[PDB]
Amino acid sequence: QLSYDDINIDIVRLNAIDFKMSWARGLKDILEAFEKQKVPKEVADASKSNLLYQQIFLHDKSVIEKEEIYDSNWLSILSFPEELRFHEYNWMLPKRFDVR
Amino acid sequence: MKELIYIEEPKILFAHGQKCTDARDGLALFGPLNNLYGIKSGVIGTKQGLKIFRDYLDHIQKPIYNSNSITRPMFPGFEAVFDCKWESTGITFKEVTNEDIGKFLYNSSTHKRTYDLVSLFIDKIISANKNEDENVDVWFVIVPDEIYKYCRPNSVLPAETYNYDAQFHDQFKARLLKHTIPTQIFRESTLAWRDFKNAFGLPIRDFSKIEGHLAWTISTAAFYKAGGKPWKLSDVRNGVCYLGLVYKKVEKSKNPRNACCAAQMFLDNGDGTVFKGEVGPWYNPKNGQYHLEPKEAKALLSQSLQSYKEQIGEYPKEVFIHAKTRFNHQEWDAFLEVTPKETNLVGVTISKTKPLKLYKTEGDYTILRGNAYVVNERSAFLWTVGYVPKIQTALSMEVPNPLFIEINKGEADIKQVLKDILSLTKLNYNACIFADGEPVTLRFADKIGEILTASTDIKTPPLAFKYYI
DNA sequence: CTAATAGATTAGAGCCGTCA
RNA sequence: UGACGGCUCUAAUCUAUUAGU
Ligand SMILES: [Mg+2]
């Protein structure tokens, strides 16, 4: 709700990490900045702190715009005969001939 | 060289007003929505059932991990997630001697023994409910494996009570509807899979790598059955009502007598997703016909419209009727005759008997999820099952088969239809999964129709899902 | 109405896998 | 009946034709 002007003058010129749209990508940025600036992290819990660190940086995964081509199991019929015909065998074939 | 279009994930909302995409991650980062205080439990069964249930409750108070933490996010413990107390202190055992259970399950008539077992259990549960000052929220029924195995219609043993089912679950859930006790049926082999093994020294149900998933789903179901709201939708718009419609055969009856049920989902103007069944079983006396008569069609539509109006005060701007069947003309005319002027009725058919399989050319992984092939202005294919790039895997094992969606009646946009259908797959409170393969408006209606079909002594059944699922 | 030929269209039940 | 997905096996019911009506 507060704009750029209303920010405290002592902090507006500093780089700011954004939590406006979520608290998770903000935490991702926090961990990036801390590991870049060499903050003394003392990992005391093993196989837990690493897993929680990994849970962020992967919650925001999405798709990339790359062209993809797929096959299928549909075969398109190409050609058809030009005439469907109804021949007239008026009592000229057996009544129980089993045409099939 | 046809073209595919991709649809983004809908996102689901949690505490603190935080939106995520996976339910598991959003329960372990911000927790559930509503604030309970703790779950008091009731247990009915044998001594071993109480032992197993106590063991499992004590086990799930600590964090549980899986083998792969990307595909299946960890379980950090019950209270660390759900912000409530559920331990082996608010239990109220009701011992059932194994003598009666063993004695009943030898009568060689499946209906008789099913009736006897259900009566034996529900008498104790109802007596506990009515005549005692103890307050118990979810009644957990621990059932031995042999009871579950021998409670099928096609089961073998190695008139008054024939108007029922041959299944323990359906009869048990139906016969307790008029008293409204939220119950949860567990099997012995489910809560303690270590003991129940085969002639190889190994468990029949191997949960070694998926213990966290079992804990997640059990805890989520317990949280939901005890007045808990774990999450809700994010961008389902106002003025729209979503309806399900499923047909169920009543089987054991003189007439074929097909029955029909429904579900209802909408926004309540308080940002809450109202989601409940709207069912009084409507019957079609004709065999093999899956269409309502005009009278029952009018009755159902009137009931849904009246429920929406009494909930909010204004009739819906748009109404969507989802189903697996195709309407005829008389049914839809009956629908239209009792419809207001400022309301749009759109019917959609979701089918799965249409073979169209797409294969990636090079890799060993299947197609992305949100891909959809639009056929016409009233017909398309949607892939609700496929590769999710966030969990580094897919929702199936073999090559999936997409849903076929057609706008059967009305005027609407197919893209919005597929978007709403994809958003309607993030509501399976019976599970804790990334998403569903079919919309939830068509699965809970199925459960209600299967529950309230085994019994014919039921009138004005409730609407809340907590007494069916 | 019942007996066959099909195409198209719905339900009900049972079995197996889930890992790396 | 802690979930979900993929298969297989079974009855039905319509529509068009023909003979028993
Ligand atoms: Mg359940």
Side-chain angles (χ1 to χ4, degrees), chain A residues 86 93-100, chain B residues 23-24 56 60 66-68 71-72 117-118 121 140-145 147-149 151-155 166-173 183-193 204-222 224-225 246-252 256 258-260 284 286-291 323-326 328 349 351-355 357 366 384-386 393-401 404 425 428-438 443 446-447 449-451 453 468-469:
Chain A
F86 292 76
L93 73 165
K95 55 183 288 301
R96 39 175 287 126
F97 175 77
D98 204 4
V99 162
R100 70 178 178 192
Chain B
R24 287 87 57 95
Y56 194 75
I60 75 160
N66 292 277
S67 184
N68 214 350
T71 295
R72 309 193 143 88
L117 292 175
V118 181
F121 279 57
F140 303 88
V141 190
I142 309 299
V143 176
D145 279 327
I147 289 177
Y148 161 79
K149 292 298 290 296
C151 276
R152 287 183 216 183
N154 277 342
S155 79
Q167 189 188 24
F168 182 97
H169 182 269
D170 266 18
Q171 275 199 42
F172 190 102
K173 289 259 169 193
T183 183
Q184 162 85 45
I185 300 179
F186 275 124
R187 284 171 66 197
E188 300 267 4
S189 62
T190 297
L191 289 186
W193 43 281
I204 302 173
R205 302 164 93 169
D206 197 15
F207 286 120
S208 303
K209 279 80 181 173
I210 46 173
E211 269 175 55
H213 200 255
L214 178 69
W216 267 112
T217 179
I218 287 170
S219 309
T220 310
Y224 181 68
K225 265 155 190 156
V246 178
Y247 277 94
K248 274 282 168 171
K249 291 199 169 303
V250 293
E251 202 62 56
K252 271 193 94 188
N258 296 291
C260 165
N284 182 5
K286 180 56 162 29
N287 190 17
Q289 184 170 0
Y290 299 119
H291 300 123
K324 308 187 277 284
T325 43
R326 279 83 174 268
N328 58 34
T349 294
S351 184
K352 313 163 103 191
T353 61
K354 185 67 68 68
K357 292 196 176 269
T366 70
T384 47
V385 190
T393 191
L395 303 177
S396 54
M397 268 177 74
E398 284 174 6
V399 170
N401 192 359
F404 177 68
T425 61
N428 194 7
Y429 299 119
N430 208 49
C432 204
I433 45 176
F434 179 75
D436 217 349
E438 65 198 294
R443 203 201 269 283
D446 172 85
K447 291 174 181 129
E450 188 145 330
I451 286 308
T453 300
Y468 305 96
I469 66 148

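Throughout, a chain's letter reflects where its sequence line sits, starting with A, and its residues are numbered from 1. Just so it is clear, the values below take in all heavy atoms, side chains as well, and ignore hydrogens, waters and symmetry mates.
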Without decimals, in angstroms, what is the distance between B:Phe207 CZ and C:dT18 P? 13 Å
With north meaning a positive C1'-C2'-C3'-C4' (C3'-endo side) and south a negative one (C2'-endo side), sort C:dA4 into one of the two. north
Taking atom types as they are modelled, is there a donor-acceptor pair under 3.5 Å from the base of D:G2 to the side chain of B:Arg205? yes
Should B:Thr366 and B:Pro400 count as side-chain neighbours, where that means a heavy-atom distance under 4.5 Å? yes
Spatial distance of atom CD1 (B:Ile433) from atom CG (B:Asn428) [nearest 0.5 Å]: 5.0 Å
Just checking B:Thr325: base, sugar-phosphate only, or nothing, at a heavy-atom cut-off of under 4.0 Å? sugar-phosphate
Rounded to whole angstroms, how far apart are NZ on B:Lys354 and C1' on C:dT10? 14 Å
Does a side-chain heavy-atom distance below 4.5 Å link B:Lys324 with B:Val246? yes
Does B:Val399 offer a backbone N or O that forms a donor-acceptor pair with the side chain of B:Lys357 under 3.5 Å? yes
Looking at side-chain heavy atoms only, is the closest gap between B:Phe121 and B:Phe168 below 4.5 Å? yes
Find which nucleotide of RNA chain D each of B:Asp170 and B:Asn428 is nearest to by heavy atoms, and output the residue with the more 5' nucleotide. B:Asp170
Expressed as a whole number of Å, how far does the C1' atom of C:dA13 sit from that of D:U1? 16 Å
Would you mind building the protein contact string for nucleotides 10-21 of chain D? One character per nucleotide, 5' to 3', B for base within reach (heavy atoms under 4.0 Å), S for sugar-phosphate only, - for untouched. --SSS-------
Mind checking if B:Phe186 touches a base, just sugar-phosphate, or nothing, with heavy atoms under 4.0 Å? sugar-phosphate
Atom-pair distance (CD1 on B:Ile469; P on D:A3), nearest Å: 8 Å
Roughly how far apart are B:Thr325 OG1 and B:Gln289 CD, rounded to 0.5 Å? 11.0 Å
Looking at B:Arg72, I'd like to know whether one of its side-chain N or O atoms comes within less than 4.0 Å of OP1 or OP2 on C:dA20. no
Can a side chain N or O of B:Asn401 be found less than 4.0 Å away from OP1 or OP2 on D:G6? no
B:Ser155 vs B:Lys324, nearer the 5' end of DNA chain C by closest nucleotide: B:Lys324
Want to settle it: does B:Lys248 or B:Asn68 sit nearer the 5' end of DNA chain C, counting the closest nucleotide to each? B:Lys248
With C1'-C2'-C3'-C4' as the criterion (positive north, negative south), name the sugar pucker of C:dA6. north
For atom CD of B:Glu450 and atom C1' of D:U1, their distance in whole Å: 11 Å
Out of C:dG17, D:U1, D:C4, which nucleotide sits closest to the side chain of B:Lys173? D:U1
Distance in angstrom units between B:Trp216 CH2 and D:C4 P, rounded: 18 Å
Which whole-number value in Å describes the distance from B:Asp436 CG to D:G6 P? 11 Å
Please work out if A:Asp98 contacts a base, only the sugar-phosphate, or nothing of the nucleic acid, heavy-atom cut-off 4.0 Å. nothing
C1' spacing across the pair D:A3 / C:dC16, given as an integer number of angstrom: 15 Å
May I ask you to evaluate whether B:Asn154 reaches the phosphate of C:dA13, defined as a side-chain N or O under 4.0 Å from OP1 or OP2? no
Where does D:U17 fall, syn or anti, if syn means a chi angle no more than 90° from 0? syn
Would you say the side chain of B:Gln167 and the base of D:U1 hold a donor-acceptor pair, judged only by whether the two atoms sit under 3.5 Å apart? yes
Using atom CZ of B:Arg326 as one end and atom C1' of C:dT9 as the other, report the distance to the nearest whole Å. 7 Å
NA contact type, B:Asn258, heavy-atom cut-off 4.0 Å: base, sugar-phosphate, or nothing? nothing
Residue B:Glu398, side-chain atoms from C-beta onward, closest of C:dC19, D:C7, D:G2: D:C7
Per the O4'-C1'-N9-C4 / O4'-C1'-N1-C2 angle with a 90° window around 0, C:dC15 comes out syn
Check the phosphate of C:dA13 against B:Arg152, side-chain N and O only, distance under 4.0 Å to OP1 or OP2. Yes or no? no
So, does B:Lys173 use its side chain to make a donor-acceptor pair with the main chain of B:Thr183 at under 3.5 Å? yes
Is D:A16 in the syn range, within 90° of 0, or in the anti range? anti
Counting C-beta onward and ignoring hydrogens, is there a side-chain heavy-atom pair between B:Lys248 and B:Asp446 closer than 4.5 Å? yes
Look at the side chain of B:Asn284 and the backbone N and O of B:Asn258, then say whether any donor-acceptor pair between them is shorter than 3.5 Å. no
Could you work out the separation of C:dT9 and D:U10 based on their P atoms and round it to a whole Å? 22 Å
Counting distance only, does the side-chain N/O of B:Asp145 pair as donor-acceptor with the main-chain N or O of B:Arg187 below 3.5 Å? no
First encountered from the 5' end of RNA chain D, between B:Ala435 and B:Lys357: B:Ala435
Scan B:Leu214 against the nucleic acid and name what it touches under 4.0 Å (heavy atoms): base, sugar-phosphate only, or nothing. base
Reckon B:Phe168 touches a base, only the sugar-phosphate, or nothing at all at heavy-atom distances under 4.0 Å? nothing
Where each pair must be Watson-Crick or G-U wobble with both distances under 3.5 Å, what dot-bracket representation of DNA chain C is obtained, with crossing pairs in [ ] and other-strand partners as |? .|..|||...|..|.||...
Side-chain (B:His169) to main-chain (B:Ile451) donor-acceptor, under 3.5 angstrom: no
Check whether any side-chain heavy atom of B:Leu191 lies under 4.5 Å from a side-chain heavy atom of B:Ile218, and answer yes or no. yes
Length of the CZ-P vector between B:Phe140 and D:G2, whole Å: 13 Å
When the P atoms of C:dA3 and D:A11 are compared, how many Å lie between them, rounded to an integer? 15 Å
How would you label the contact of B:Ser67 with the nucleic acid (heavy atoms, under 4.0 Å): base, sugar-phosphate, or nothing? sugar-phosphate
So if I take every side-chain heavy atom of B:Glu438 and compare against D:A3, D:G5, D:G2, which nucleotide ends up nearest? D:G5
With syn defined as a glycosidic torsion within 90 degrees of 0 and anti otherwise, which applies to D:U13? syn
Side chains of B:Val118 and B:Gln167: closer than 4.5 Å at any heavy-atom pair? no
